[PDB]
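Trainee: Sharing a structure, written as structure tokens. Questions coming.
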Amino acid sequence: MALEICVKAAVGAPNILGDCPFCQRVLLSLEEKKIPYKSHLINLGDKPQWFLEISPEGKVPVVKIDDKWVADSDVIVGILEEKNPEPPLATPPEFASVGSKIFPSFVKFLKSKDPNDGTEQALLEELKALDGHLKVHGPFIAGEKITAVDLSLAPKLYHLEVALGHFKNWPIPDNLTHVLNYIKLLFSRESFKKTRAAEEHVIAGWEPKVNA
Ligand SMILES: *SC[C@H](NC(=O)CC[C@H](N)C(=O)O)C(=O)NCC(=O)O
């Protein structure tokens, strides 16, 4: 019965969330559904021994759906948006084609040993290719409503705004007229606003993950 979820505790502050935007996806779909769940803050620097019985890689996120474990957040989202008591949302439209390039390229932006100044010249055209069709639909990165492309990207855009803001506060121009207003929606709803990490505890989670 029920839903139990294991998620990133902050570095040094085990009672709050820190850097794992992949955990923030799982909170986002549960809070869009408003469905009852139970959350377990895992310290990744000192992992509970029983946590390997839930996640064989020792990673977060991992969940229990009806007490049965599921790891990796794109698989966890795939099962939650297909096999749950609230309506299923596992429908990827055309926005998943560009969004699946943005998905790793915005993690590589936060790991830009390979220059971000050269990478950004592709990211502006990735954002234009998404935004040019999203401005026909209006509100969300999957179109008229939240589906898999918001669940793939929404916490990663807020994580870029915070963690890239610490050294290269990269502006979204008003020509990206969906993207620049969609970032303001991350401070709203149950689905985005409840999932917002403490912003120092994103930055102090992300620094060693420029390397690791
Ligand atoms: S976010 C911190 C690490 N998790 C992941 O990177 C999850 C990637 C998956 N494909 C996903 O769920 O989407 C993590 O748990 N690191 C362990 C550590 O010891 O820090």
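If you count by our numbering, then the sequence shown holds residues 0 to 211, one letter each, in order.
For each residue, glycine too, the CB sits at the ideal point set by N, CA and C.
#1: Taking C-beta to C-beta, are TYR157 and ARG188 nearer than 9 Å?
#2: Could you have a look at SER111 and say whether DSSP puts it in helix, strand or coil?
#3: Taking the alpha carbon of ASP66 as the point to measure from, which residue in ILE53, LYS112, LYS58 and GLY17 has its own alpha carbon closest?
#4: Helix, strand or coil for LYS7, going by three-state DSSP, please let me know.
#5: What residue does the beta strand (DSSP E) around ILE64 start on, and which one ends it?
#6: Shorter than 8 Å, the distance from the beta carbon of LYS107 to the closest heavy atom of ligand 1, or not?
#7: Could you work out which residue in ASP130, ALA197 and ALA147 is closest to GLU160 when comparing CA atoms only?
#8: Since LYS37 is in the beta strand (DSSP E), which residue starts that stretch and which ends it?
#9: Starting from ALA12, trace the alpha helix (DSSP H) both ways and give me its first and last residue.
#10: List in chain order: all unbroken alpha helix (DSSP H) runs of 4+ residues lying wholly within the stretch 163-188.
#11: Beta carbon of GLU31, beta carbon of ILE145: below 9 Å?
#12: Whole angstroms is fine: what's the gap from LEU43's alpha carbon to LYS193's?
#13: Whole angstroms is fine: what's the gap from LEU184's alpha carbon to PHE191's?
#14: Starting from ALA70 and walking both ways along the alpha helix (DSSP H), at which residues does that stretch end?
#15: Report the three-state DSSP secondary structure of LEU129 (helix, strand or coil).
#16: With C-beta atoms as the reference, is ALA9 less than 9 Å away from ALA203?
#17: Find out if the Cβ-Cβ distance for the pair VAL209, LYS112 is shorter than 9 Å.
#18: Residue 213 to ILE171, Cα distance in whole Å?
#19: Find the nearest neighbour of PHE166 within the set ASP45, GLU80 and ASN115, judged by alpha-carbon distance.
#20: Using the three-state DSSP reduction, which class does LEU16 fall into: helix, strand or coil?
#21: So for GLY142, helix, strand or coil by DSSP?
Mentor: Concretely, from the data shown:
#1: no
#2: coil
#3: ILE53
#4: strand
#5: 61-64
#6: no
#7: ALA197
#8: 37-41
#9: Premise fails: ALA12 is in no alpha helix (DSSP H) and is neither H nor E.
#10: 178-184
#11: yes
#12: 22 Å
#13: 8 Å
#14: Premise fails: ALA70 lies in the beta strand (DSSP E), 67-70, not in any alpha helix (DSSP H).
#15: helix
#16: yes
#17: yes
#18: Absent from the structure is residue 213, since the part of the chain shown begins at 0 and ends at 211.
#19: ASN115
#20: strand
#21: strand
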